[PDB]
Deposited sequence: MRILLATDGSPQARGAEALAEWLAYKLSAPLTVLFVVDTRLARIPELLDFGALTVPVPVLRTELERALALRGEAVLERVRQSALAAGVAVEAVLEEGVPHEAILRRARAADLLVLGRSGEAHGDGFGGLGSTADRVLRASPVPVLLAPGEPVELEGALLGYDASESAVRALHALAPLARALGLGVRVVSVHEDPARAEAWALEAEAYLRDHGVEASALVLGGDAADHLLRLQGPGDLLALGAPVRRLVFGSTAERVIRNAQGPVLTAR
């Protein structure tokens, strides 16, 4: 099981770096650390000796990238993790998505270099990656935190099924029980969803419990997540004005989130 950590070396990415290393160690899984030299920054001179200016900027960005990679590589080696570092140039989300094809789990921070420590939202690189990634994406808040619990938003939709299947191995390897949350006005429908997810988890060596609720799903999922709880759910598709369930959950999440498509 290959873990791919994407980091821009920013404070907001520190939690992701720590979590990826912690997971690699706990799961005895190899870790690939990726830093992308942002062409959107290097191209600024062009949007305005432009080739020279662009080269000078790329050189600075690449050197910063090498420093970040070396720092994480050093940390990972110290932890006893089999780590490899990759430095590429391009649009961050595109490069990350390309490298994701060879990974089994991605770990990114909620935000990065562009936002201060007061930002509770999601950066655009993280947003674009989770919406198009072929493999599960784990978004970690800036402040490092261990995964001490797990909950799953399950409505039996295709993506919820993928989230369910993606979560099982992680919960199993970490010894975490999973709280299945199924929300619907029809209690019989929600119950059927919950029992299904619980059966799957138990069949895969994971303890599970369920909460069959009515009302607003996003609100319930957000309120039930503790700072160390991994909240797993299907990734959003449409970009709704008021936001779909997953959009509202991911934007306001207090703890680590695992998305799957």
Deposited-sequence ranges lacking C-alpha coordinates, in sequence order: 49 to 55
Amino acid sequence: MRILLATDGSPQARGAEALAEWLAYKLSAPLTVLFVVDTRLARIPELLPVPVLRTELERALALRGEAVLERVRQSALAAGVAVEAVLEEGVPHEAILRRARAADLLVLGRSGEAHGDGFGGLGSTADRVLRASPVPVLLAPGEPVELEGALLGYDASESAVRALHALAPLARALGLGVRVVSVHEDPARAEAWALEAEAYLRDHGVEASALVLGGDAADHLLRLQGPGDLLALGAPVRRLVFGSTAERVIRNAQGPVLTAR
From here on, numbers count along this sequence of modelled residues.
181 to 189 set against 106 to 114, stretch whose average Cα temperature factor tops the other in the entry: 181 to 189
91 to 99 versus 117 to 125 - greater average Cα B-factor per the deposited record: 117 to 125
Largest Cα B-factor, entry values, listed residues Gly205, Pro45, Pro30, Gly234: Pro45
Criterion, highest CA B-factor; candidates, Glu198, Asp219, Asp38, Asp229: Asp219
CA B-factor ranking of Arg73, expressed as a third of its chain: highest
Modelled-residue ranking by C-alpha temperature factor, third containing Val83: highest
Chain-wide C-alpha B factor ranking for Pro141, given as lowest, middle or highest third: lowest
Third of the chain's Cα B-factor distribution that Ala260 belongs to, per the entry: middle
B-factor third for the C-alpha atom of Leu34 within its chain: lowest
